[PDB]
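One chain comes next, on its own, written as structure tokens: the form deposited in one PDB entry.
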């Protein structure tokens, strides 16, 4: 079933894929590459294993501590004693180089898409440019007599048009009058726009940055604001442009400035066939020839306010997100049976692939010659140090100069949060971002303090002292480490796919909090969230936050215990009902269809775009309420059974779970996640999930 190379037994599909598709073009000797792999896996595996065991020893110690008991003073002293809370390093500045300006300079939206889905991955890459009009018309941003019918509704149209003209006014203002009264654009020398009883220019001429067509009647005017590009498309002959008083047919926003192709929480990849699919798609993006023709967009040409032709990138600068340290995968199995660590595997294979995106021989990702890898679920700075070591070993096997493989550190584990400055310092010449999330981090929060008592409800976690301090701490640390002109400070994902008006209203808080990037669920959402980077001068904000220490180690460690009495019976029911629905709705699709991400209607029927992290939080909360006797096993079974046919309801378009639950592999998976969730390492969900997806796939054979 396998190819023996050194002490490794590689799955043939994987072996064949690396040799036939990946290796050619990289100037890496196939046999050499394979011994390289063999070497790295043997060398780094016990360290990898050492790190994983340290996690369990720490959690055990913490579990016992709580069981013998809150004295927040000795608690913090205990953590220090065991090596969980480490000493905070001296002040420093990251020194990472050869990084693209999308990362170092531009604040903008950031897309995340499951790599296994070439259609989504294609749109993601093409989402760097996005029509504002389409985004406004199609979503609930413009309210509905402007209803969306089977045909275009001109009423909705000039509402769209009005909104856009106002956007231009706030973003690239004219010295006199508004864009709403524009009648035409000309390029005298510079960008002059004709008003009815006037003619005016850009209040700051530097905002003009190019155009197309002829200077007298340009086909489009390129504008720039806060490093982001705005393009007004001008075609009086077009249907839209015929009714526009300056012949404007559309406004195009530079939107998803970067994208993350995800091998982690948004996919289901449980054996060697899945991984190859992922790697193959990642290959196609890097060579630049993936298609379905819908091709990757080529770059864009323009004319400076009196000069030559310059080209702007037309694709989203791509990061890849490898899996984390925990999992093994039988794509590579050792001589004596043991599955190799998935993360080590990802570093070599996605790193090898990325080499193709460094040159044309057609499409290039990084222009400065870096490979950008996001690493998730690290706990503490020894774990960061190992990842950097993994990368340096890989860059040797690949022939790449050291420091080629950049790191984006996800801050989503408690032991990383309280040692963030040191985690950053361990990657000080590789790091190109940090980022915060609600979902994994809360999962970890619940699991680390599982034994201390029952946690507050899920909806309530969003406002807890620990999480507010954690968000602020992330930014402070990034800024103090000198991120402003160097790396991204990122914030989490907007998960309500349909609530775009709501998104435009609230998600502005993230750049206001000094985040240079944040996550959006789609190309449409990317365009809309780009509006926020125009309103908010992030570099200004980041400059204002300098030297500020707005979160103390005492605040970070405030465990979210519910106060006594707390809830009335029906509130508890709603909570478990809601959690069981989230688990089922997601798990049914993960196990039966290997679809890691899609729109799962929640209890109140909102379309949520959640990944595996939602599993982690929902399950850990229930296991917590189980452990402290808030609810019983008799309670949990009940809801899980009640919600099961309703998930079945929300899935018309599949194999029902009700009424014969005990023979549904998904229903068993979801149930296991609850009842044994307290036993899962850091409440991770992969172990139970990977097992069951494999189980189900052995029903399909």
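Numbering follows the first chain given and starts at 1.
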Per the record, the count of deposited residues between residue 151 and residue 152 that have no coordinates is none
Where residue 189 meets residue 190 in the shown sequence, the number of deposited residues left unmodelled: 1 to 3
Comparing 151 to 159 with 615 to 623, where is the mean C-alpha B-factor higher? 151 to 159
Which wins on mean Cα temperature factor, 116 to 124 or 309 to 317? 309 to 317
For 651, 59, 45, 676, the deposited C-alpha B-factor is largest at 651
Highest-ranked of 407, 568, 232, 111 once sorted by CA temperature factor in the record: 568
Is residue 91 in the lowest, middle or highest third of its chain when residues are ranked by C-alpha B-factor? highest
In terms of the chain's CA B-factor thirds, is residue 239 lowest, middle or highest? highest
Among modelled residues of the same chain, the CA temperature factor third for residue 638: highest
Considering only modelled residues of the same chain, in which third does the CA B-factor of residue 179 rank: lowest, middle or highest? highest
Chain-wide C-alpha B factor ranking for residue 516, given as lowest, middle or highest third: lowest
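Unshown form deposited with a small molecule bound; subsequent notes refer to it.
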Among 168 to 176, 301 to 309, 488 to 496, 192 to 200, the region lying within 4.5 Å of the small molecule in the deposited bound form by heavy atom distance: 488 to 496
Using heavy atoms only and a 4.5 Å cut-off, decide whether all three of 437, 519 and 610 touch the small molecule in the deposited bound form. yes
Taking heavy atoms only, is residue 112 within 4.5 angstroms of the small molecule in the deposited bound form? yes
Quick one: is residue 266 in contact with the small molecule in the deposited bound form, heavy atoms, 4.5 Å cut-off? yes
Non-hydrogen atom contact residue 507 with the small molecule in the deposited bound form at 4.5 angstroms: no
Distance check, residue 321 to the small molecule in the deposited bound form, heavy atom within 4.5 Å: yes
